[PDB]
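Below is one structure; the comments refer to it alone.
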Amino acid sequence: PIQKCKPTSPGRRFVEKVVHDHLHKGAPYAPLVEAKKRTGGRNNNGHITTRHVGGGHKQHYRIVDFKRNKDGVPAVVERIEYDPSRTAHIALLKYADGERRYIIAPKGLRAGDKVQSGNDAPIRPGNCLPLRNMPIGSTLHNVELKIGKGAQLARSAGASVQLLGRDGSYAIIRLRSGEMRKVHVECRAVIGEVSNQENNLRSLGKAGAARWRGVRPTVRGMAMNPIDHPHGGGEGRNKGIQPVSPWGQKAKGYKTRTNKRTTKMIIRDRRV
Amino acid sequence: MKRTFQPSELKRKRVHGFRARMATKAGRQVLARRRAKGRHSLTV
RNA sequence: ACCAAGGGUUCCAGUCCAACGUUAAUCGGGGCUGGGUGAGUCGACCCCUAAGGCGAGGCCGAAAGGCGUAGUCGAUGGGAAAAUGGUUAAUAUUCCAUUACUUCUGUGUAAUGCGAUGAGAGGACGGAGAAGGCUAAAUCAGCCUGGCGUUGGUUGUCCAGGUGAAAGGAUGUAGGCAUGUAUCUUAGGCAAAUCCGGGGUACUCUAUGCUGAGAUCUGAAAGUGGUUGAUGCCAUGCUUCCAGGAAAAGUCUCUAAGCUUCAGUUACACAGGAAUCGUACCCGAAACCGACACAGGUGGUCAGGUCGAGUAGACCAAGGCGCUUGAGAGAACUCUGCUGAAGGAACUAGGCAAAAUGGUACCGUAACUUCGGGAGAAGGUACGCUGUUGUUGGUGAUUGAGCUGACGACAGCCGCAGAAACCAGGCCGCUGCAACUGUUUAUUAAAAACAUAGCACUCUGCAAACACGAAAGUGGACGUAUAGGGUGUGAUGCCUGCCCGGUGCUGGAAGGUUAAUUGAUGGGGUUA
RNA sequence: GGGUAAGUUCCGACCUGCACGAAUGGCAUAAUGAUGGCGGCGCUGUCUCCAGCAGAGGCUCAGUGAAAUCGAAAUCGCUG
RNA sequence: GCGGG
RNA sequence: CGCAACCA
Ligand SMILES: [Mg+2]
Ligand SMILES: [Mg+2]
Ligand SMILES: [Mg+2]
Ligand SMILES: [Mg+2]
Ligand SMILES: [Mg+2]
Ligand SMILES: [Mg+2]
Ligand SMILES: [Mg+2]
Ligand SMILES: [Mg+2]
Ligand SMILES: [Mg+2]
Ligand SMILES: [Mg+2]
Ligand SMILES: [Mg+2]
Ligand SMILES: [Mg+2]
Ligand SMILES: [Mg+2]
Ligand SMILES: [Mg+2]
Ligand SMILES: [Mg+2]
Ligand SMILES: [Mg+2]
Ligand SMILES: [Mg+2]
Ligand SMILES: [Mg+2]
Ligand SMILES: [Mg+2]
Ligand SMILES: [Mg+2]
Ligand SMILES: [Mg+2]
Ligand SMILES: [Mg+2]
Ligand SMILES: [Mg+2]
Ligand SMILES: [Mg+2]
Ligand SMILES: [Mg+2]
Ligand SMILES: [Mg+2]
Ligand SMILES: [Mg+2]
Ligand SMILES: [Mg+2]
Ligand SMILES: [Mg+2]
Ligand SMILES: [Mg+2]
Ligand SMILES: [Mg+2]
Ligand SMILES: [Mg+2]
Ligand SMILES: [Mg+2]
Ligand SMILES: [Mg+2]
Ligand SMILES: [Mg+2]
Ligand SMILES: [Mg+2]
Ligand SMILES: [Mg+2]
Ligand SMILES: [Mg+2]
Ligand SMILES: [Mg+2]
Ligand SMILES: [Mg+2]
């Protein structure tokens with residue numbers, strides 16, 4: 001779980017690290033990793049399009065099987081592994097015919113456990129099933145939105161959705177944001193909650209720890225000049241302005257959703 | 001002090017070289033202008 | 001001292017001195033004439049790819065053009081192979097001698113399945129730390145040669161100089177890693193596979209393989225031992241931590257296709273090849289970047305002795321230099337230092353600057369504290385040389401010699417002073433601000449400014465919000481609400497009261513007002 | 001009130017807050033700071049009040065040889 | 001110029 | 001009292 005560090009120096013006083021004794025200490029499965037170069041938040045044109053991005057440790061991308069399209073074949077868990085690209089752990093499945101794959105690890109999955117996919121799969125954490133065959137009230141993760149595309153929803157370290165009920169060709173689920181949504185019943189989900197789940201109790205402790213994760217420092221617009229930010233200027237400390245983004249969009253409460261194409265799939269949003 | 005020039009021949013040829021000028025419309029207009037002036041060196 | 005970059009003949013020799021050289025110059029990086037750079041193994045070229053670039057088609061765009069697929073380029077990274085000695089005025093891992101190694105060709109001989117653009121393996125990789133085994137190197141000894149000292153002594157336990165052949169071949173150790181072998185089988189590997197992956201059996205795990213420094217053997221006038229000992233090597237190893245650590249080819253396995261008694265493959269033998277370009281010289285520099293033969297800047301490599309923790313420092317070696325105006329004099333004044341009676345901050349905006357402290361071991365050390373600190377708090381003692389005596393460690397000739405490390409106890413001797421020179425913290429009390437390490441006005445501001453971990457609010461359901469872009473599209477993110485963006489605050493402790501009238505924002509939609517649109521009415525003009 | 005012989009600064013109080021005040025955060029806070037203020041021990045040429053000495057310039061000789069400026073100059077004081 | 005008082 | 005029309 002969480003281990004607090006002794007204050008043997010000022011940069012250690014507040015470092016709360018997450019420690020897991022069951023994670024594989026060793027190299028990732030080599031056929032399933034590829035290179036992942038850093039962007040710095042720069043697009044095609046070479047412009048910065050996302051601020052506060054840059055640096056960080058070199059990372060390989062693990063190829064996680066989000067589609068789980070190997071149905072009917074049982075698989076056994078070989079090990080649980082650190083994945084630098086996400087906040088959850090990953091499980092290395094060895095299928096019954098020798099194929100090795102990566103999946104998002106469920107909360108209680110350990111080495112030696114068995115998972116399966118398809119319509120026939122038993123109700124068991126790590127089993128991928130269409131939303132038709134899931135029992136109401138179940139805790140799911142790794143939920144599809146389009147048929148055949150792969151898990152898109154509830155993938156982060158402690159995520160999960162509630163299956164609230166199916167009516168027609170749409171199951172109604174509740175998301176972590178507090179939002180009630182409908183998803184086609186041919187979409188697949190996985191049983192259980194996502195693995196890591198104390199990822200949000202950690203404490204970085206020092207600035208350099210944030211730099212290791214590829215985050216660059218944030219500068220307040222209050223600290224800038226008027227040519228740089230709409231909050232800039234002023235003798236001394238002044239913020240005589242309704243808070244706003246660097247490009248002039250209001251920052252407290254102003255809603256920015258403008259997609260009209262999928263609004264009929266939202267039963268109840270958050271803030272209700 | 002460190003001064004601004006700091007030579008490197010590869011970088012010179014990749015920024016201001018003949019093939020770098022010939023690769024765009026504006027660089028070929030540079031070459032046409034320097035031929036119109038009668039320069040003895042077209043490029044670096 | 002040697003490279004890269006950059007320079008471009010400055011390199012070497014002969015000759016000349018007008019100009020250039022902050023003076024003269026017979027000299028020169030100056031003038032004139034001539035010479036000089038030798039490669040299968042060094043580097044580049046070459047094969048391979050990263051970031052990025054270009055990009056057939058394609059998508060987008062008034063045009064110009066933009067993005068991008070297939071591909072094709074692009075090193076700062078991956079991919080064959082050489083050492084020792086000698087030689088020029090100037091080149092040498094290139095020339096010569098000796099001894100190697102790599103990879104190609106052919107021409108044969110003997111054996112017989114060869115296999116791709118496909119699949120697999122491998123190449124293939126982080127930080128930190130530690131133990132060991134070694135070796136270079138250094139030093140001493142041994143040996144060879146010479147010497148017998150301008151002044152007391154010096155035929156020795158004396159002085160000085162010289163003196164340890166590498167790559168490669170064989171061997172396969174210290175260490176490191178993997179249990180291996182056989183057989184049957186198989187929802188996987190775009191199709192095939194005898195291959196890889198997955199299953200099952202039997203024996204093995206005091207077993208097999210791979211890898212591997214160094215030693216030994218060989219190479220091959222003195223030319224042999226000890227000690228210390230690497231940052232080099234084993235080691236791309238091992239342990240541990242989290243922030244989780246290139247790619248592709250060369251290489252190996254497998255079959256597809258295609259051939260088939262051939263071709264191809266592999267074992268050996270014979271003969272022959274390995275092109276092209278660079279190679280001089282300069283490298284804290286008078287040759288590069290600074291207008292200069294300019295106190296600046298310039299990446300990597302090597303780096304000996306005494307003492308020393310040390311690549312600090314003092315003095316030296318190898319090597320290289322005396323910095324391209326000198327000669328006098330020895331005024332004020334300026335700069336840079338040294339010392340200074342008595343006093344000791346009275347100076348001054350201000351102890352500014354100077355003076356002072358300073359090492360090692362041991363003793364001792366307050367408030368306060370987030371229990372880690374504070375703290376080297378403060379402060380104090382000892383320290384040289386000579387001899388005597390003890391414990392101990394490491395190597396290991398022949399159990400233990402010789403060499404060598406560490407720690408003490410006594411006794412004496414000398415000086416003003418034993419940390420001897422160089423080197424090398426000043427300290428304490430109260431208080432504001434910012435938690436802290438960091439960052440910043442290149443060139444008058446380093447801070448209380450910025451950032452920060454932490455906190456909160458808010459937006460965002462994924463073709464996400466948001467940003468860039470004319471669009472295509474790209475980033476966000478090969479992420480998915482424990483995520484991502486914006487805003488403020490700023491560790492931590494204790495906390496964070498009241499106000500929704502104003503301006504925002506969010507929700508509501510009864511009513512008023514209200515655009516394009518539509519075109520009912522009414523009015524006019526024309527005249528049969 | 002303390003500190004000094006003597007304190008517009010400093011520290012501790014008081015509250016009459018011209019015109020503090022709670023995430024443009026309030027009040028504290030160990031550690032940290034080439035941070036601001038004040039005090040002390042040591043130490044001193046900072047000073048009373050400067051003296052001597054060393055090196056480098058200055059000065060003289062030989063050689064080379066600038067610069068800014070400049071209407072023209074036979075370019076004194078005082079009072080007006 | 002359209003509604004309200 | 002509000003909403004909307006303003007080019008001597
Ligand atoms: Mg951000
Ligand atoms: Mg500012
Ligand atoms: Mg503005
Ligand atoms: Mg103000
Ligand atoms: Mg010469
Ligand atoms: Mg001359
Ligand atoms: Mg010459
Ligand atoms: Mg393009
Ligand atoms: Mg085209
Ligand atoms: Mg290429
Ligand atoms: Mg290279
Ligand atoms: Mg030479
Ligand atoms: Mg490492
Ligand atoms: Mg004599
Ligand atoms: Mg070539
Ligand atoms: Mg040379
Ligand atoms: Mg030098
Ligand atoms: Mg200059
Ligand atoms: Mg000179
Ligand atoms: Mg210079
Ligand atoms: Mg030195
Ligand atoms: Mg005195
Ligand atoms: Mg005195
Ligand atoms: Mg005074
Ligand atoms: Mg005074
Ligand atoms: Mg001072
Ligand atoms: Mg001093
Ligand atoms: Mg600070
Ligand atoms: Mg600092
Ligand atoms: Mg700076
Ligand atoms: Mg400045
Ligand atoms: Mg400054
Ligand atoms: Mg602030
Ligand atoms: Mg705070
Ligand atoms: Mg005072
Ligand atoms: Mg305030
Ligand atoms: Mg408040
Ligand atoms: Mg506030
Ligand atoms: Mg005083
Ligand atoms: Mg006169």
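Convention: chains lettered A, B, ... in structure tokens order; per-chain residue numbering from 1; ligands numbered from 1 as shown.
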
Practice task
Output the neighbourhood of ligand 10 as an MDAnalysis selection string, that is, all protein and nucleic acid residues with some atom at most 7 Å from the ligand, counting only C-alpha atoms (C1' of nucleotides) and all ligand atoms.
Solution key: chainID C and resid 48:49 73

Expected file contents, prior selection, N, CA and C atoms (P, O5', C5', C4', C3', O3' and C1' of nucleotides), as a PDB file, in the first residue's frame:
```
ATOM      1  P     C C  48      20.671  -0.466 -46.400  1.00  0.00           P
ATOM      2  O5'   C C  48      20.555  -0.375 -44.819  1.00  0.00           O
ATOM      3  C5'   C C  48      20.251  -1.522 -44.052  1.00  0.00           C
ATOM      4  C4'   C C  48      20.168  -1.215 -42.583  1.00  0.00           C
ATOM      5  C3'   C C  48      19.356  -0.009 -42.179  1.00  0.00           C
ATOM      6  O3'   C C  48      17.962  -0.200 -42.299  1.00  0.00           O
ATOM      7  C1'   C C  48      21.305  -0.128 -40.864  1.00  0.00           C
ATOM      8  P     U C  49      17.073   0.913 -43.027  1.00  0.00           P
ATOM      9  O5'   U C  49      16.779   1.989 -41.900  1.00  0.00           O
ATOM     10  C5'   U C  49      15.751   1.807 -40.947  1.00  0.00           C
ATOM     11  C4'   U C  49      16.252   2.064 -39.551  1.00  0.00           C
ATOM     12  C3'   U C  49      16.008   3.443 -38.976  1.00  0.00           C
ATOM     13  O3'   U C  49      14.687   3.592 -38.482  1.00  0.00           O
ATOM     14  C1'   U C  49      18.237   2.802 -38.561  1.00  0.00           C
ATOM     15  P     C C  73      17.932   5.869 -50.243  1.00  0.00           P
ATOM     16  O5'   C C  73      18.223   7.387 -49.884  1.00  0.00           O
ATOM     17  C5'   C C  73      19.058   7.756 -48.802  1.00  0.00           C
ATOM     18  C4'   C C  73      18.684   9.121 -48.297  1.00  0.00           C
ATOM     19  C3'   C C  73      19.394   9.593 -47.045  1.00  0.00           C
ATOM     20  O3'   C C  73      20.665  10.146 -47.323  1.00  0.00           O
ATOM     21  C1'   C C  73      17.075  10.033 -46.877  1.00  0.00           C
TER      22        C C  73
END
```

Surrounding residues of residue 139 in chain A excluding itself and chain neighbours under 2 positions, 6 Å, only C-alpha atoms (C1' of nucleotides), as a ChimeraX atom specification: /A:161-162,192

Give me a file of those residues, with N, CA, C and O atoms, as a PDB file, in the first residue's frame.
```
ATOM      1  N   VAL A 161     -17.559   0.979 -13.468  1.00  0.00           N
ATOM      2  CA  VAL A 161     -18.886   1.487 -13.781  1.00  0.00           C
ATOM      3  C   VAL A 161     -19.920   0.544 -13.189  1.00  0.00           C
ATOM      4  O   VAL A 161     -19.663  -0.636 -12.956  1.00  0.00           O
ATOM      5  N   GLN A 162     -21.100   1.090 -12.930  1.00  0.00           N
ATOM      6  CA  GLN A 162     -22.250   0.326 -12.470  1.00  0.00           C
ATOM      7  C   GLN A 162     -23.147   0.033 -13.659  1.00  0.00           C
ATOM      8  O   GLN A 162     -23.529   0.951 -14.386  1.00  0.00           O
ATOM      9  N   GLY A 192     -15.400  -6.426 -12.751  1.00  0.00           N
ATOM     10  CA  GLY A 192     -14.585  -5.999 -11.641  1.00  0.00           C
ATOM     11  C   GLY A 192     -14.151  -4.559 -11.776  1.00  0.00           C
ATOM     12  O   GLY A 192     -14.541  -3.838 -12.695  1.00  0.00           O
TER      13      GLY A 192
END
```

Collect all residues with atoms no farther than 8 Å from ligand 14, counting only C-alpha atoms (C1' of nucleotides) and all ligand atoms, and output them as number ranges by chain.
C: 149, 151-153

* Asked: So which residues of range 7-256 of chain A fall under alpha helix (DSSP H) by DSSP, listed as a PyMOL selection string?
  -> chain A and resi 207-212

Please produce an output containing N, CA, C and O atoms for each residue in the selection, written as a PDB file, in the first residue's frame.
```pdb
ATOM      1  N   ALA A 207       9.287  18.917  -6.258  1.00  0.00           N
ATOM      2  CA  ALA A 207       9.060  19.347  -7.633  1.00  0.00           C
ATOM      3  C   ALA A 207       9.685  18.393  -8.640  1.00  0.00           C
ATOM      4  O   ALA A 207       9.097  18.113  -9.695  1.00  0.00           O
ATOM      5  N   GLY A 208      10.880  17.895  -8.345  1.00  0.00           N
ATOM      6  CA  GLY A 208      11.548  17.014  -9.277  1.00  0.00           C
ATOM      7  C   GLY A 208      10.770  15.753  -9.567  1.00  0.00           C
ATOM      8  O   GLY A 208      10.878  15.197 -10.654  1.00  0.00           O
ATOM      9  N   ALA A 209       9.981  15.285  -8.603  1.00  0.00           N
ATOM     10  CA  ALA A 209       9.151  14.111  -8.836  1.00  0.00           C
ATOM     11  C   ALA A 209       8.102  14.381  -9.903  1.00  0.00           C
ATOM     12  O   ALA A 209       7.771  13.491 -10.693  1.00  0.00           O
ATOM     13  N   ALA A 210       7.553  15.595  -9.933  1.00  0.00           N
ATOM     14  CA  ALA A 210       6.665  15.970 -11.024  1.00  0.00           C
ATOM     15  C   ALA A 210       7.418  16.111 -12.334  1.00  0.00           C
ATOM     16  O   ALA A 210       6.894  15.746 -13.387  1.00  0.00           O
ATOM     17  N   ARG A 211       8.646  16.624 -12.296  1.00  0.00           N
ATOM     18  CA  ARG A 211       9.422  16.670 -13.531  1.00  0.00           C
ATOM     19  C   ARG A 211       9.724  15.273 -14.077  1.00  0.00           C
ATOM     20  O   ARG A 211       9.814  15.102 -15.293  1.00  0.00           O
ATOM     21  N   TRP A 212       9.863  14.259 -13.214  1.00  0.00           N
ATOM     22  CA  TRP A 212      10.116  12.907 -13.713  1.00  0.00           C
ATOM     23  C   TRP A 212       8.939  12.357 -14.500  1.00  0.00           C
ATOM     24  O   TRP A 212       9.111  11.457 -15.323  1.00  0.00           O
TER      25      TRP A 212
END
```

Notebook entry, point to check: Within 9 Å of ligand 13, counting only C-alpha atoms (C1' of nucleotides) and all ligand atoms, which protein or nucleic acid residues do you find, written as a PyMOL selection string?
Noted result: chain C and resi 126-128

Same residues, N, CA, C and O atoms (P, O5', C5', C4', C3', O3' and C1' of nucleotides), saved as a PDB file, in the first residue's frame:
```pdb
ATOM      1  P     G C 126      21.305   0.067 -19.635  1.00  0.00           P
ATOM      2  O5'   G C 126      20.062   0.992 -19.271  1.00  0.00           O
ATOM      3  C5'   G C 126      20.025   2.357 -19.662  1.00  0.00           C
ATOM      4  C4'   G C 126      19.451   3.247 -18.588  1.00  0.00           C
ATOM      5  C3'   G C 126      20.269   3.407 -17.321  1.00  0.00           C
ATOM      6  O3'   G C 126      21.336   4.325 -17.469  1.00  0.00           O
ATOM      7  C1'   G C 126      18.006   3.059 -16.762  1.00  0.00           C
ATOM      8  P     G C 127      22.602   4.269 -16.494  1.00  0.00           P
ATOM      9  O5'   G C 127      22.072   4.874 -15.127  1.00  0.00           O
ATOM     10  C5'   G C 127      21.682   6.235 -15.018  1.00  0.00           C
ATOM     11  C4'   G C 127      21.127   6.531 -13.650  1.00  0.00           C
ATOM     12  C3'   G C 127      22.044   6.191 -12.489  1.00  0.00           C
ATOM     13  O3'   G C 127      23.015   7.185 -12.242  1.00  0.00           O
ATOM     14  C1'   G C 127      19.908   5.316 -12.060  1.00  0.00           C
ATOM     15  P     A C 128      24.517   6.754 -11.917  1.00  0.00           P
ATOM     16  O5'   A C 128      24.471   6.266 -10.405  1.00  0.00           O
ATOM     17  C5'   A C 128      23.988   7.103  -9.368  1.00  0.00           C
ATOM     18  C4'   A C 128      23.593   6.296  -8.161  1.00  0.00           C
ATOM     19  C3'   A C 128      24.672   5.400  -7.577  1.00  0.00           C
ATOM     20  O3'   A C 128      25.534   6.093  -6.697  1.00  0.00           O
ATOM     21  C1'   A C 128      22.689   4.160  -7.837  1.00  0.00           C
TER      22        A C 128
END
```

field: Within-8 Å residues of ligand 34, basis only C-alpha atoms (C1' of nucleotides) and all ligand atoms, as a PyMOL selection string
entry: (chain C and resi 490-492) or (chain D and resi 25)

Resulting file, chosen residues, N, CA, C and O atoms (P, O5', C5', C4', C3', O3' and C1' of nucleotides), as a PDB file, in the first residue's frame:
```pdb
ATOM      1  P     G C 490      -0.212  32.318  -1.237  1.00  0.00           P
ATOM      2  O5'   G C 490       0.309  30.841  -0.982  1.00  0.00           O
ATOM      3  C5'   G C 490      -0.103  30.071   0.142  1.00  0.00           C
ATOM      4  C4'   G C 490       0.299  28.625  -0.007  1.00  0.00           C
ATOM      5  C3'   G C 490       1.761  28.333   0.280  1.00  0.00           C
ATOM      6  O3'   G C 490       1.871  26.977   0.701  1.00  0.00           O
ATOM      7  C1'   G C 490       1.311  27.818  -1.964  1.00  0.00           C
ATOM      8  P     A C 491       2.457  26.586   2.134  1.00  0.00           P
ATOM      9  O5'   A C 491       2.297  25.013   2.179  1.00  0.00           O
ATOM     10  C5'   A C 491       2.668  24.218   1.067  1.00  0.00           C
ATOM     11  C4'   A C 491       3.550  23.068   1.472  1.00  0.00           C
ATOM     12  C3'   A C 491       3.076  22.213   2.630  1.00  0.00           C
ATOM     13  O3'   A C 491       2.087  21.280   2.252  1.00  0.00           O
ATOM     14  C1'   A C 491       5.359  22.696   2.902  1.00  0.00           C
ATOM     15  P     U C 492       0.850  20.973   3.216  1.00  0.00           P
ATOM     16  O5'   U C 492       1.474  20.934   4.676  1.00  0.00           O
ATOM     17  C5'   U C 492       2.099  19.777   5.215  1.00  0.00           C
ATOM     18  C4'   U C 492       2.675  20.063   6.576  1.00  0.00           C
ATOM     19  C3'   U C 492       1.671  20.473   7.638  1.00  0.00           C
ATOM     20  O3'   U C 492       1.049  19.368   8.259  1.00  0.00           O
ATOM     21  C1'   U C 492       3.476  21.992   7.643  1.00  0.00           C
TER      22        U C 492
ATOM     23  P     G D  25      -1.812  37.086  -1.244  1.00  0.00           P
ATOM     24  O5'   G D  25      -2.587  36.560   0.033  1.00  0.00           O
ATOM     25  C5'   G D  25      -3.079  35.237   0.106  1.00  0.00           C
ATOM     26  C4'   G D  25      -4.135  35.137   1.171  1.00  0.00           C
ATOM     27  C3'   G D  25      -3.645  35.178   2.606  1.00  0.00           C
ATOM     28  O3'   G D  25      -3.444  36.505   3.055  1.00  0.00           O
ATOM     29  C1'   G D  25      -5.256  33.457   2.331  1.00  0.00           C
TER      30        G D  25
END
```

Item to complete: Please identify the residues whose atoms come within 6 Å of ligand 2, using only C-alpha atoms (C1' of nucleotides) and all ligand atoms, and report them as a PyMOL selection string.
Response: chain A and resi 223-225

Env of residue 4 in chain E: 12 Å cut, atoms = only C-alpha atoms (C1' of nucleotides), seq-sep filter 3 positions within chain, self excluded. Answer as an MDAnalysis selection string.
(chainID C and resid 511:513) or (chainID F and resid 1:3)

Writing out the chosen residues with N, CA, C and O atoms (P, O5', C5', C4', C3', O3' and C1' of nucleotides) as a PDB file, in the first residue's frame:
```
ATOM      1  P     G C 511     -46.162  32.481 -22.383  1.00  0.00           P
ATOM      2  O5'   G C 511     -46.339  34.058 -22.454  1.00  0.00           O
ATOM      3  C5'   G C 511     -47.338  34.703 -21.685  1.00  0.00           C
ATOM      4  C4'   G C 511     -46.825  35.981 -21.076  1.00  0.00           C
ATOM      5  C3'   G C 511     -46.084  36.917 -22.016  1.00  0.00           C
ATOM      6  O3'   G C 511     -46.956  37.690 -22.820  1.00  0.00           O
ATOM      7  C1'   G C 511     -44.874  36.698 -19.999  1.00  0.00           C
ATOM      8  P     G C 512     -46.631  37.923 -24.375  1.00  0.00           P
ATOM      9  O5'   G C 512     -45.747  39.243 -24.377  1.00  0.00           O
ATOM     10  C5'   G C 512     -46.267  40.452 -23.852  1.00  0.00           C
ATOM     11  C4'   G C 512     -45.168  41.396 -23.439  1.00  0.00           C
ATOM     12  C3'   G C 512     -44.259  41.883 -24.552  1.00  0.00           C
ATOM     13  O3'   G C 512     -44.826  42.963 -25.269  1.00  0.00           O
ATOM     14  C1'   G C 512     -42.963  41.223 -22.679  1.00  0.00           C
ATOM     15  P     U C 513     -44.803  42.973 -26.873  1.00  0.00           P
ATOM     16  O5'   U C 513     -43.286  43.290 -27.230  1.00  0.00           O
ATOM     17  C5'   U C 513     -42.685  44.506 -26.814  1.00  0.00           C
ATOM     18  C4'   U C 513     -41.194  44.485 -27.022  1.00  0.00           C
ATOM     19  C3'   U C 513     -40.722  43.964 -28.367  1.00  0.00           C
ATOM     20  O3'   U C 513     -40.764  44.949 -29.382  1.00  0.00           O
ATOM     21  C1'   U C 513     -39.488  42.929 -26.648  1.00  0.00           C
TER      22        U C 513
ATOM     23  P     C F   1     -41.403  55.004 -14.094  1.00  0.00           P
ATOM     24  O5'   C F   1     -40.103  54.491 -14.867  1.00  0.00           O
ATOM     25  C5'   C F   1     -39.157  53.639 -14.232  1.00  0.00           C
ATOM     26  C4'   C F   1     -39.386  52.193 -14.595  1.00  0.00           C
ATOM     27  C3'   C F   1     -38.528  51.635 -15.722  1.00  0.00           C
ATOM     28  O3'   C F   1     -37.243  51.220 -15.292  1.00  0.00           O
ATOM     29  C1'   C F   1     -40.789  51.084 -16.117  1.00  0.00           C
ATOM     30  P     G F   2     -36.128  50.777 -16.363  1.00  0.00           P
ATOM     31  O5'   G F   2     -36.544  49.293 -16.759  1.00  0.00           O
ATOM     32  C5'   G F   2     -35.780  48.561 -17.699  1.00  0.00           C
ATOM     33  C4'   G F   2     -36.630  47.613 -18.502  1.00  0.00           C
ATOM     34  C3'   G F   2     -36.209  47.426 -19.949  1.00  0.00           C
ATOM     35  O3'   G F   2     -35.120  46.528 -20.080  1.00  0.00           O
ATOM     36  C1'   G F   2     -38.567  47.688 -19.814  1.00  0.00           C
ATOM     37  P     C F   3     -33.889  46.883 -21.048  1.00  0.00           P
ATOM     38  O5'   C F   3     -34.307  46.227 -22.433  1.00  0.00           O
ATOM     39  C5'   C F   3     -34.772  44.889 -22.490  1.00  0.00           C
ATOM     40  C4'   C F   3     -35.512  44.623 -23.774  1.00  0.00           C
ATOM     41  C3'   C F   3     -34.938  45.278 -25.016  1.00  0.00           C
ATOM     42  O3'   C F   3     -33.803  44.622 -25.540  1.00  0.00           O
ATOM     43  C1'   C F   3     -37.256  45.629 -24.974  1.00  0.00           C
TER      44        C F   3
END
```

Residues of chain C that have any atom at most 7 Å from an atom of ligand 7: could you tabulate them with the shortest-distance atom pair and the distance in Å to one decimal, using only C-alpha atoms (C1' of nucleotides) and all ligand atoms, ordered by chain and increasing number, as CSV?
```
residue,atom,partner,partner_atom_place_in_ligand_line,distance
C:28,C1',ligand 7,1 (Mg),6.8
C:29,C1',ligand 7,1 (Mg),6.9
C:30,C1',ligand 7,1 (Mg),5.8
```

Select the residues contacting ligand 11 at a distance of at most 10 Å, based on only C-alpha atoms (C1' of nucleotides) and all ligand atoms, then format the selection as an NGL selection string.
:C and (75-78)

Using only C-alpha atoms (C1' of nucleotides), the residue out of A:222, A:272, A:109, A:136 with shortest distance to chain D is A:222

query = Quick one: residues within 8 Å of ligand 1, with only C-alpha atoms (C1' of nucleotides) and all ligand atoms, as a VMD selection string?
reply = (chain A and resid 50 to 53 215 218) or (chain C and resid 485 to 486)
